[PDB]
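According to my numbering, the residues represented by the sequence shown are 20 to 48, in order. What follows is a single structure, written as structure tokens, with notes after it.
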Amino acid sequence: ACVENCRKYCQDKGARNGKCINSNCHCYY
């Protein structure tokens, strides 16, 4: 599940993009 959007959630730790996935979540570099 997501808490604050994988996008910003990952972008804060280093990531161009991100989103939620079946397994759970996944970012995008």
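Yeah, the Cβ is synthetic: ideal placement off N, Cα and C, and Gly gets one too.
Burial state of residue i (16 or more Cβ within 10 Å)
i, result
"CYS29", "buried"
"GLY37", "buried"
"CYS21", "exposed"
Residue interval of the alpha helix (DSSP H) (run including residue i)
i, result
"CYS25", "25-30"
Which listed residue (the options) has its alpha carbon closest to that of residue i
i, options, result
"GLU23", "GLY33, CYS39, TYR48", "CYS39"
"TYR48", "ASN41, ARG35, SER42", "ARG35"
Limits of the unbroken beta strand (DSSP E) element including residue i
i, result
"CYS44", "44-47"
Within-9 Å CB hit, residue i to chain B
i, result
"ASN24", "Here chain B cannot be found, since the structure has a single protein chain."
One or two residues paired with residue i in a DSSP bridge
i, result
"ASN41", "Answer is none; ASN41 lacks a bridge partner."
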